[PDB]
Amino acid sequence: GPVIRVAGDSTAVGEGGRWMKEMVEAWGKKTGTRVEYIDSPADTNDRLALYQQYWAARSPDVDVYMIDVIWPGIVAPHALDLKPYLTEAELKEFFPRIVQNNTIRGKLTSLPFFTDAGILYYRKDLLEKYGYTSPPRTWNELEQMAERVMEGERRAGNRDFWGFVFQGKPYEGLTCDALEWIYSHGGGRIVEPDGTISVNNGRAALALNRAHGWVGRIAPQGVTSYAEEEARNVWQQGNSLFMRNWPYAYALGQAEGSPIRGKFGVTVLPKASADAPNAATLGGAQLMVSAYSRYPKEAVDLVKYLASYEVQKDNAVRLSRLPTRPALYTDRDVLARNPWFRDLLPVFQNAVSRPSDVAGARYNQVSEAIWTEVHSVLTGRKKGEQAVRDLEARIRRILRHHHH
């Protein structure tokens, strides 16, 4: 009978790929359907290019794809419209904002799977060791705490120790980090939902100059090549006071044999001042049935299973990844394992989006301009002032004649 083939998530990032394959096999076993899992590269933008090869070829060789929240506008032609396969009540069990994100020109491209938001990880043991009672609320405080704790730990002999790690590599992760920096300095959303390219302003330039000031100082020099796992590895080995990362790092840091188990908390990222907005970049994944699948009915059943209450629960409990079902945030088991899901729920609800809605199918080109210009600041090649001006000009070129 049919073999249902899935590409989604990566065995190169935490437990996501291994867990995905497990869930797919569990569906196979439960329904008596053969399945295969195709692995993907770590970085989301590498995955887009890979999947685009299948799509260009109209390939039937993958039935279900896991897609990034930033992709619906790009991948819509390659998606089976799911709208006819779900009742309004079923669809209403997901966050409306994400169902809306996934709906392009009335086509429901994909089912919400997990959401995501950038957060601050911090070493509670080290904060207490150095006389601090709360994580930093401002970037200045983060800098001050990082400098003092680094000095003491280095003095105590940990030559691997840093104040702060984050994602500085030139790729989509850097777009995510940089939207947080810019937005939390009152610098806007880079490209506003209305289409205005707003990034050329003093607050955005300050934000980028501030991040350059971290490199080689409180953050390793090599942070300019760090993606999520590079940052997580330095953090998890116990060698960073602070990390900016996504929810998935929490379960991994708590696992048996993690050097930092029981020693950390999470909170909202800092901001430039009390009246700036909190910044948490919206992330997440959706489940798409391929328009080129020979088995749409079976693919849809798999997608419904993966997005179900109990699979999302398993993802929450075991991998500390955020449900797309509001009902899971009141589930006793989800909460007892991850109490911070409740504490940071409003942070997740107010997460700021990358400009994927307004850029649509040109989002990947916009994002590439953003991460390359940001990276030029992190490396000391350009000041933030020049970078935001050059970025404005690039984005204008890229989006000229695009209307939302």
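All residue numbers refer to positions in the sequence shown, first residue = 1.
Relative to its counterpart among 34-42 and 65-73, 34-42 has the higher mean temperature factor, C-alpha atoms as listed in the PDB entry. For the two regions 170-178 and 96-104, the entry's Cα B-factors average higher over 96-104. In this entry, the residue among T109, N201, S258, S320 with the greatest C-alpha B factor is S258. Within the selection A117, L306, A227, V149, the deposited Cα B-factor values reach their highest point at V149.
Annotation for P60: C-alpha temperature factor in the middle third relative to the rest of the modelled chain, per the entry. Placement of the Cα temperature factor of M145 within the chain: highest third of the modelled residues, per the deposited record. When the modelled residues of the chain are ordered by their C-alpha B factor, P346 lands in the highest third. In the deposited entry, the Cα temperature factor of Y130 sits in the top third of values across the chain's modelled residues.
Ranked against the other modelled residues of its chain, the C-alpha B-factor of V366 as given in the entry falls in the lowest third.
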